[PDB]
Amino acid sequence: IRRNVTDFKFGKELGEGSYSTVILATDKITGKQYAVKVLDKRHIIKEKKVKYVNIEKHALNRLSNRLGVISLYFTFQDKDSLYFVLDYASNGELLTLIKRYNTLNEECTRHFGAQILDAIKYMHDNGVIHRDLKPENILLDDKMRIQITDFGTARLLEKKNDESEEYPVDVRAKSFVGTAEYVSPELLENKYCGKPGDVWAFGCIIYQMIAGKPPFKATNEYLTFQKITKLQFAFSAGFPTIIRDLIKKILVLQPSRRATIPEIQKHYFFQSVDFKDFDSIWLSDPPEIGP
């Protein structure tokens, strides 16, 4: 026969939202676990998040089934709700992995860092700029490999056969949900972002992977925005200089002076990594997790 919705076994809730709800689903025949994202239509109409939904859907249609990102297998809907059957990341968020031992070692940071950089590289290649990058939306699959979700704030480009879609991201607004610590300075200021924005966020992420806390972590958001706009971040006493230089050339106010992806690839910290041997990036045995 064929495959349909009735072949599924819905289980635990993987986390609700302000307009969405992720529920664990399991194929009764194959055993393959998925993550069904249930969105209430009236909730996205009342707040006009249809553009977010379409940007996410479009990004998922762009980014096909690769290892670095969550993939949308199929979709279905009734009259009140819309359903997104996605990938299931067994090992939760990257933030939880970081908060496991507070910090991470240099080897693991290089590993998962190469993974993340590869993912971002792929996204930028397929004309997708996530803009909103943070350890909250970086998950880990069953075999301990990173993935990227929440493509609602993404940006599209090439206009090859599908056109470009860039909508402003007012961080200081009320519609913005998040901590806004991993937000690029230009994105905070002029409500728009480019490729080096995800690079900035990447720098914040690896900095957090070593130190244990975001580079621009503050009490409120005034001091946060102040730290972002004044570049007020200081490395810890015992901090790897090799990574320190990388952060210093990544976390830069001017996006033009900011280090690009291939430059990060050709860094002294990533000389131990070949980004063409992507069997070593993904299928490698994850190093002993620890601080």
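Counting begins at 1, following the sequence as shown.
The PDB entry reports B-factors from which the mean C-alpha value can be compared for 73-81 and 143-151; the larger average falls on 143-151. Per the PDB record, of the two stretches 86-94 and 107-115, 107-115 carries the greater mean B-factor over its C-alpha atoms. Between the residues 49, 28, 266, 230, it is 49 that shows the highest Cα B-factor in the PDB record. In this PDB entry, residue 197 carries a Cα temperature factor that places it within the lowest third of its chain's modelled residues. Annotation for residue 216: CA B-factor lies in the middle third of the chain's modelled residues. Ranked by Cα temperature factor within the chain, residue 284 sits in the highest third according to the deposited record. Among the modelled residues of its chain, residue 178 has a C-alpha B-factor that falls in the highest third according to the deposited record. Looking at the C-alpha B-factors along this chain, the one for residue 235 belongs to the highest third.
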